[PDB]
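A short worksheet on the structure shown next.
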Ligand SMILES: [Zn+2]
Ligand SMILES: [Zn+2]
């Protein structure tokens, strides 16, 4: 039975979807256990128009597993513990010299400028999580567990692996930004390299 | 199998 | 030592060597061999040990008084395909007999299990059950 | 053009105008640090996006076996005859079939378009 | 002066320390005795405009290790110790980083293969049983 | 084993990496996990391919891919990757030589087989992802031999082009002289024949 | 059609719904006949 | 796939077109309109070109080479060296300076190739932008003799003054963010 | 002079045991860490388990179940989940507070990747002139937290509901 390759980042463009470019990665825990969990990093299209929306233009969002609502990406990076904007961009953008990629990242930074606390970001992730959250403490611990295990399991599942997850998430964003700029070609689903 | 205007 | 214009013979000699060593259905056989040899044992080892204790039995002082039972599976063993008759006597099962008598071609699966009892009596006993 | 991060809080500096002095100040929202802006340009957008791909080309691509190589076009910098030549290889490159030559031979790393 | 206070005297004295990445065979050779107070000699030779660092394995221990330096300007490193008396202290600031590499190229792969086999010993595999257990 | 070797061969781990240094160095992915970066990619790539051809640490199924334009080295040890064996070309000369086919010809009473050919480094298994980085010659003698220059950097050669066909299409005689839908139809009809 | 130097008589759109909103139901009868005839006769086939 | 190049247009034919006609879909896959020219415009290719320009949607984004938002406290200061001459000429007899001058500046460069291809005029674009945004935008346009076509836009001088004693501390979008929103709206929906 | 051709060679000593364990403290270059202003510092294990692990089971635990009800209460809580984890400090991150509350605060996290095939040693100058090598027990990466006003979580939720903040965000931060 043919299946799409796990533990790889694929960037596709979906016309119908509101996201102009979507990058998906299906992660499995070294095939040892657990179902494959897919995390999507998407860039909203500039077609949507508003006084603030047109100014921000393209804004990156992330569809973390087991969280019902889309989460802004800077909030995910802050949830992992990288609060400073410069450090988040260091993970996302490998060379700060290029202006176009930084311009792409700027709107998503503006959208998440309300949240500057790691605990607050975790609470926000828990609150928008599909599973109900009774209190702030419970929501924070639940969202931390989701980030530790459910999201990007192949990079790590335990052992304080937040930095590795942050780097791989930033790689996913970097590839999405490169596709949006046009520097990398969008991946093809039919390639048999991808079809395990 | 012929050309672009023909058949595949 | 280059092979010029003798290539038609040489390419088919190497192709023949490939097909002699590796049959046409090598992929299925190799995948199943990997399953049995490695994946079954790894699945047994990956499973967390079973931890069991009583629910405050006897309503006594209950200073961890309920015993703790710990089970750990290990060292999976597979036998050759075997058919047990109505008499209960084990006997090897040839594939053609399975086809004729509508039997299933299967092999027994055995696991070593280690059971530890911790009753807070200052002694823990680790009995081992071989080839369960 | 470029984005400047404040030293005090390591966050992005957003443009701000001081009405009293009519001086552009890059000030973080989170922290009070303010910096005068030398560039005096806030936002630049190139709709034509006529950006040369010579800068983006990596010199490492010369090692690729699959790339075609021409000895017809000599290198300008060092005169090495071989030069792998390839097209834009870029999405949103509009309609350009220009060949972006890259000189072979170790450490020359010269990229020219004819 | 409190329990949580960090003794920054090493930082004040600006004590310089060197960080080195060394392989497992060397560390295990050192750990074998680990109590003789001696494992080898570090020899540094400097020229007009080039410096080389090398480590010689002790003759008793064996029964050449060139060192490659790494730039430390991209990241600032310091060393701190947690005393058994709950008195945290700082030893110094890292001013140089180095890596230790094996001298043997191919025969060293033989020792690497032996190490791989040793690490694969705890790995357990399904065992074929000739006779069904009764 | 591949991760251990990569640590030995001057691969800085992501944890120890200064974020600025990533930009100028290739990223090494093993089974889809970004293990680290390497400052000098080509030497590492050649060493990995040598190890695989000698079958020392890297198994034959393991595939190494280097995307030169994107500064990424990807190593897949995953299961389910489909591979086909290809002859190896060094310079413009096939590595397969008359001594190898002489030993294979007397395959009986010489215990020389395909596994010996794989271990010798004459042939190699290449998956599609690695096929993207490989220059192939359909026929060795014709393409390798010097002519009007088309490619002088062939890295692999096809054993025989007729091996692209499967089991049912291999029984078709002179397949290249038929229309393609007819070969497709014969592939289905041959399954229904009597014998 | 309103633009100067555009013939109001002969200018036609392929969309039948636009023809209905602009020109009426009888015009759509004729336009739908024309479009169906075009799709049928492109291969050269003829339907009465 | 097997139409011809004679059409020189995307055309839906065959079964999909039959389904479109049969289902009376509101949105055809390829809506098309055949325009027949009335008189001399049909005879002469140049007049037909004029009609084409009249019938084809054109926005500022199509004719704009690049847009840059600058901060210039003084219009006479002319932070950009190039605009010194024409800004000085315009401010020799300044218009709307009495109200105020907005410090933030939007500088738009228009590609000459696209401008002459659609036969647009700098004065025409200035008039259209002025009409679209009323007096909220003040536009300065170069002469056509200038090698680089430059259009300089600033926020309303009356709005910059706010013409209000209370002045309201709302400070919506300040002026830079408002200028960015104006730039996006102009590029998307100018309909020149 | 002798500096152009100096050759220095020193003995290496590896004591079997040291009273103080050796760790690595790594600061990011962009943080611009400076020790001149470090008059005092406080390094201690974190208490974030207050928020997410312990003393969170304060009120319901000491509510006052007794007798059969006590037995059932304990057993029910235990079987409901898998016994909530309490403080095990040695396996928790480190919090650094330089110069008390006034100065910057850093957080160190143990390097998750273990060095199963690597070891790190530190060479320190000593009066005897011989290098001493000490194994690295742990690696910690410290990242600072700005000593700026932090948005309250409830206020942050209220603001995020108005995701379309047409008004300037800087004024909003000033209001808080
Ligand atoms: Zn700041
Ligand atoms: Zn050159």
Check: Using a simple spin-label model with points 7 Å from Cα along the Cα→Cβ vector, what separation in nm is obtained for residue D:105 and residue A:36?
Finding: 4.9
Next item on the list: Please determine, in degrees from 0 to 90 and to the nearest 10, the orientation of helix C:7-21 with respect to the longest principal axis defined by the Cα atoms of chain C, where the helix direction is its Cα long axis.
Entry: 30
Checklist line | Estimated FRET transfer efficiency (residue H:45, residue H:3; beta-carbon r; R0 30 Å; 0.05) | finding: 0.75
Checklist line | Computed helical MRE - 222 nm, chain A, DSSP H runs ≥ 4 contributing -39500 (n - 2.57), nearest 500 | finding: -11500 deg cm²/dmol
Next item on the list: Express in whole angstrom the spacing between the alpha-carbon centres of the range A:157-185 and the range C:23-82.
Entry: 37
Item checked: Angle in degrees between helix H:176-189 and the longest Cα principal axis of chain H, rounded to the nearest 10 -> 20
Next item on the list: Could you tell me how many degrees, from 0 to 90 and to the nearest 10, lie between the Cα long axis of helix I:68-80 and the main elongation axis, the longest principal axis, of the Cα atoms of chain I?
Entry: 60
Notebook entry, point to check: At a Förster distance of 51 Å, what's the computed FRET efficiency of residue D:89 paired with residue C:125, Cβ-Cβ distance as r, to 0.05?
Noted result: 0.15
Notebook entry, point to check: Taking a ≥ b ≥ c as the square roots of the eigenvalues of the Cα gyration tensor of the protein assembly as shown, is the shape rounded (a/c under 1.5), prolate (a/b larger than b/c) or oblate?
Noted result: oblate
Check: Among F:63, A:17, which comes first, second and so on when ranked by fewest other beta-carbon atoms within 10 Å?
Finding: A:17, F:63
Next item on the list: Rounded, prolate or oblate: pick one for chain I, where a ≥ b ≥ c are the square roots of the eigenvalues of its C-alpha gyration tensor, a/c under 1.5 means rounded, and failing that, prolate if a/b is larger than b/c, else oblate.
Entry: oblate
Checklist line | Residue order, fewest to most surrounding Cβ atoms within 10 angstrom, among D:14, C:110 | finding: C:110, D:14
Check: Which stretch or stretches of the range E:61-97 have amide N atoms under 18 Å from the point lying 7 Å from residue I:7's Cα along the Cα→Cβ direction?
Finding: E:64-67
Notebook entry, point to check: What base-10 log of the normalised intensity I(q)/I(0) is obtained for the range D:46-114 from the Debye formula, alpha carbons as equal point scatterers, at q = 0.23, 0.28 Å⁻¹?
Noted result: -0.98, -1.34
Margin query: Taking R0 as 30 Å, what FRET efficiency do you get between residue E:85 and residue I:86 from their Cβ-Cβ distance, rounded to the nearest 0.05?
Written below: 0.70
Next item on the list: For residue C:59, put the label point 7 Å out on the Cα→Cβ axis and report which residues of the range I:57-77 keep their amide N under 13 Å from it.
Entry: I:66-73
Next item on the list: Provide H:133, A:77 in ascending order of the number of other Cβ atoms located within 10 Å of each residue's Cβ, fewest first.
Entry: H:133, A:77
Checklist line | Cα centroid of the range E:9-27 to Cα centroid of the range A:10-28, whole Å | finding: 47
Item checked: residue I:157 versus residue H:91: modelled label distance in nm, points set 7 Å from Cα along the beta carbon direction -> 5.3
Next item on the list: Taking 7 Å along the Cα-to-C-beta vector as the label spot, tell me the residue E:68-residue I:77 distance in nanometres, rounded to one decimal.
Entry: 5.7
Check: Is the shape of chain F rounded, prolate or oblate, going by the alpha carbon gyration tensor and its root eigenvalues a ≥ b ≥ c, with a/c under 1.5 for rounded and a/b larger than b/c for prolate?
Finding: prolate
Notebook entry, point to check: Using alpha-carbon positions, what is the distance between the centroids of the range F:88-104 and the range E:105-134, in Å?
Noted result: 34
Note to self: I want the antiparallel fraction of DSSP beta bridges within the protein assembly as shown, as a percent rounded to 5.
What the structure shows: 90
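Read-outs throughout are calculated quantities, based only on the coordinates presented, and are distinct from any laboratory measurement. When we count neighbours, we look across all protein chains shown, and the Cβ atoms used for this are built from the backbone with ideal geometry, even at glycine.
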